[PDB]
Amino acid sequence: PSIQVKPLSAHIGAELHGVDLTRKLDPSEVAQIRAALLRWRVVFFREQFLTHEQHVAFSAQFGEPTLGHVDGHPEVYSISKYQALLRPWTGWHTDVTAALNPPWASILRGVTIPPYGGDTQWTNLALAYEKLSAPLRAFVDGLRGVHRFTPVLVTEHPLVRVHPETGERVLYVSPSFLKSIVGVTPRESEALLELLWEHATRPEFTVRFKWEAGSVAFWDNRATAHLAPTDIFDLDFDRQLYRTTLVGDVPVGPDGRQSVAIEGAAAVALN
Amino acid sequence: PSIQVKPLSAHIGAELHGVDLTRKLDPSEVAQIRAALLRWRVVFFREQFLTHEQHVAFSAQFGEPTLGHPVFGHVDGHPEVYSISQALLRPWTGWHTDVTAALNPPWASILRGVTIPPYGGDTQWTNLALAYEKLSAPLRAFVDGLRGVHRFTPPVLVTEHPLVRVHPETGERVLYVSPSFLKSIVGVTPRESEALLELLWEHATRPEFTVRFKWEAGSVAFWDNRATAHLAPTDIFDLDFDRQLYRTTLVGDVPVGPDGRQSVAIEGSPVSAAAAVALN
Ligand SMILES: [Mg+2]
Ligand SMILES: [Mg+2]
């Protein structure tokens with residue numbers, strides 16, 4: 001096995017070594033990375049100092065890059081450093097789930113990285129589903145949720161997304177964007193969402209990553225949510241990353257029902 | 001500065017390099033480690049492969065090691081060394097400050113990893129001085145005046161502590177809310193207590209107040225119990241890996257609140273306190 005896979009927690013995150021991301025990967029390297037990604041939900045690379053062009057080329061080996069602008073590279077979004085009601089789930093989200101087809105993956109690379117501050121976290125939403133009790137699993141299997149984003153996108157997704165490559169059921173509760181559960185009263189929706197969001201962010205479902213210059217994070221948005229840092233606003237250090245995302249398919253629930261657009265680029269550049 | 005200090009987050013945690021914990025530290029090294037501990041709340045060392053004797057000697061340069069329980073964590077010949085080898089889940093579950101059910105909780109602990117899984121078993125700490133400062137001004141003034149009852153029942157210890165502990169070395173106010181052991185706020189109704197504790201516990205475990213540490217063989221964590229709470233791993237229960245660590249802890253003083261009032265014992269026994277030291 002040419003690519004070393006070093007898991008970072010019991011059920012999410014792995015650091016990969018033995019691949020040079022500045023050059024085209026051969027088919028075996030692509031397969032190994034994709035397999036590690038499906039198994040560990042987010043994979044990380046260290047000391048991969050890339051140009052935007054190389055970042056796009058790497059991304060294109062795994063899917064179709066989506067189109068904070070970077071000059072000459074419409075696939076690349078700038079993540080630059082340059083009041084809130086706080087609950088345990090605040091800030092946790094899955095990228096652009098207000099859209100009908102949320103991007104299935106994102107690739108984020110660190111260019112200007114503080115000595116400390118600015119860690120990112122991910123949570124395993126396949127595990128979160130499996131760790132619901134059986135009656136709660138059967139219950140959420142049949143529920144739909146409305147995801148909204150206003151810069152206006154509104155989409156009805158299954159609360160349980162069936163992963164198109166692994167068949168796993170995912171608790172698809174994207175906390176920044178999921179606003180209500182369809183067909184239940186407002187208080188029922190509020191109480192159930194708080195229950196599921198508390199559950200989805202159990203520490204034992206998460207992994208935390210301390211960036212360094214040249215680091216790369218590549219995650220499966222069909223099975224995760226993530227948490228951008230806020231501790232970095234307390235420090236003078238600059239922080240600059242760049243992101244690509246891969247065009248996704250329309251989610252389906254355990255009943256085979258596809259998501260449904262309700263109303264509706266800006267969420268691709270921001271989330 | 002002979003000891004390199006590498007902070008791990010904006011406000012908590014630092015990895016130290018340039019010191020050999022197998023040999024006695026000179027006064028400058030002791031002072032540097034102590035200063036980094038006060039500033040960063042928990043400090044970490046890597047590739048420090050210690051015997052029990054060396055672990056105790058290191059501990060003794062910073063305080064008086066506690067002297068053990070007959071059974072819990074007991075290591076033959078080393079009363080200072082503790083062996084470390086359905087639930088209702090809330091975001092604060094498992095977060096705690098060690099032995100706060102006792103009148104004088106230990107001021108620090110030193111945990112060393114001997115047999116460490118390739119993955120799983122991370123520990124987290126939160127900065128309770130920062131947690132206090134990040135309460136709004138009216139909430140800070142409110143909790144300044146409150147006391148809390150901490151309880152522990154070994155496999156009974158009951159102490160009334162200030163909700164805000166004034167740190168004896170830095171003078172900082174600490175939101176002393178030890179979630180596993182703090183049971184009630186003195187002098188308010190049971191529902192007021194429940195609702196306020198849930199507010200403060202949610203607050204004290206904000207991710208931006210925390211640092212997470214992935215153990216390796218030979219790693220050491222040295223934390224200030226007067227300014228932190230920590231979270232032991234649960235993701236290891238799913239894995240077949242052996243995990244062996246050893247802990248020493250340093251005898252602490254009686255807490256004092258912003259009004260100068262010391263904590264007050266309500267119930268307890270020396271053996272129950274030793275059990276909490278061994279098990280918390
Ligand atoms: Mg995002
Ligand atoms: Mg403890």
Side-chain angles (χ1 to χ4, degrees), chain B residues 21-22 24-25 29-30 33-34 37-38 42-43 45 48-85 96-115 123 125 150-155 157-161 165 167-169 176 178 180-181 219-230 232 243-256 262-280:
Chain B
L21 307 193
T22 64
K24 180 168 196 184
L25 306 184
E29 294 170 318
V30 173
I33 290 169
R34 208 171 178 103
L37 183 63
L38 297 180
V42 53
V43 297
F45 308 84
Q48 304 296 322
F49 302 92
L50 310 181
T51 63
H52 293 328
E53 286 87 350
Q54 284 154 356
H55 187 174
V56 172
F58 171 79
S59 306
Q61 294 198 262
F62 298 90
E64 291 294 292
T66 65
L67 286 173
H69 186 269
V71 172
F72 296 137
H74 165 75
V75 176
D76 281 340
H78 299 292
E80 314 86 347
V81 183
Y82 302 86
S83 175
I84 320 279
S85 60
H96 64 289
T97 301
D98 284 334
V99 208
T100 60
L103 178 58
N104 57 319
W107 80 267
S109 288
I110 301 160
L111 180 60
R112 84 179 209 268
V114 171
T115 304
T123 309
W125 286 259
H150 300 231
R151 305 182 188 263
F152 176 71
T153 298
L157 217 55
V158 184
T159 297
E160 185 188 290
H161 288 298
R165 185 184 175 169
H167 193 290
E169 293 189 72
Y176 204 58
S178 195
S180 292
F181 307 128
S219 293
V220 180
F222 183 4
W223 66 94
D224 185 349
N225 208 47
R226 306 165 295 187
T228 60
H230 57 277
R243 187 169 186 270
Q244 176 75 58
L245 301 92
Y246 297 96
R247 181 175 27 85
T248 57
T249 87
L250 300 182
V251 171
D253 54 340
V254 180
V256 187
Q262 280 182 319
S263 308
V264 175
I266 300 173
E267 289 189 43
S269 70
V271 65
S272 290
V277 171
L279 296 171
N280 293 177

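Sequence lines set the chain letters: A, B, ... in the order given, protein chains first and strands last, and positions in each chain run from 1. These numbers come from the heavy atoms of this one structure, side chains and all, not from hydrogens, waters or symmetry mates.
Here the side chains of B/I110 and B/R247 are not in contact, with every heavy-atom distance at 4.5 Å or above. Taking the side chain as every heavy atom from C-beta outward, B/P155 and B/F72 approach each other to under 4.5 Å. B/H55 places none of its side-chain heavy atoms less than 4.5 Å from the side chain of B/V220. A heavy-atom distance below 4.5 Å is found between the side chains of B/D98 and B/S109. Counting only heavy atoms from C-beta outward, the side chains of B/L250 and B/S59 approach each other to under 4.5 Å. With contacts defined as side-chain heavy-atom distances shorter than 4.5 Å, the pair B/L37/B/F62 does not qualify.
With values rounded to the nearest 0.5 angstrom, B/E267 atom CD is found 9.5 Å from B/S272 atom OG. Annotation: the span from B/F49 atom CZ to B/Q54 atom CD amounts to 12.5 Å, rounded to 0.5 Å. To the nearest 0.5 Å, atoms OH (B/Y246) and CD (B/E80) are separated by 14.0 Å. In this structure, B/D253 CG and B/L103 CG are separated by 10.0 Å, a value rounded to the nearest 0.5 Å.
Taking each heavy atom of B/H52 and B/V81 in turn, the nearest pair found is ND1-CG1, 3.8 Å. Nearest heavy-atom pair, B/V99 versus B/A276, reported as atom, atom and distance to 0.1 Å: CG1-CB, 3.6 Å. The two atoms that bring B/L21 and B/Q48 nearest to each other are N-OE1, 2.9 Å, heavy atoms only. Closest approach of B/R151 and B/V158 over heavy atoms only: NH1-CG2, 3.5 Å. B/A273 and B/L157 get closest at one heavy-atom pair: CA-CD2, 3.7 Å. Summarising the geometry of B/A102 relative to B/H161, their closest heavy-atom pair is O-NE2, 3.0 Å, with the distance given to 0.1 Å.
Between the B/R112 side chain and the B/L50 main chain, a donor and an acceptor come within less than 3.5 Å of each other. The closest donor-acceptor contact from the side chain of B/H150 to the backbone of B/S178 lies at 3.5 Å or more, if one exists at all. Between the side chain of B/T66 and the backbone N or O of B/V251 there is no donor-acceptor pair closer than 3.5 Å. B/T228 contributes no side-chain N or O that, together with a main-chain N or O of B/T97, makes up a donor-acceptor pair within less than 3.5 Å.
Residues satisfying the side chain to side chain contact (heavy atoms under 4.5 Å, CB included) criterion with B/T115, sequence neighbours excluded, are B/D242, B/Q244. Residues satisfying the side chain to side chain contact (heavy atoms under 4.5 Å, CB included) test with B/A274, not counting sequence neighbours, are B/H69. Qualifying salt bridge (charged side-chain N to carboxylate O under 4.0 Å, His left out) partners for B/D224, counting only residues two or more places apart in sequence or in other chains: B/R226.
Note: B/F181 and B/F152 have perpendicular aromatic rings, judged against thresholds of 30 and 60 degrees for the angle between ring planes. Classified by interplanar angle (parallel below 30°, tilted 30° to 60°, perpendicular above 60°), the ring pair B/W125/B/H230 is tilted. Classified by interplanar angle (parallel below 30°, tilted 30° to 60°, perpendicular above 60°), the ring pair B/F45/B/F58 is perpendicular.
Atom CD of B/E169 has more than 12 neighbouring heavy atoms from other residues, nucleotides or ligands inside a 6.0 Å radius.
Looking only at atom types and distance, the side chain of B/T249 has no donor-acceptor partner in the side chain of B/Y82 under 3.5 Å away. Side-chain contact, B/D76 with B/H78: no donor N or O sits under 3.5 Å from an acceptor N or O.
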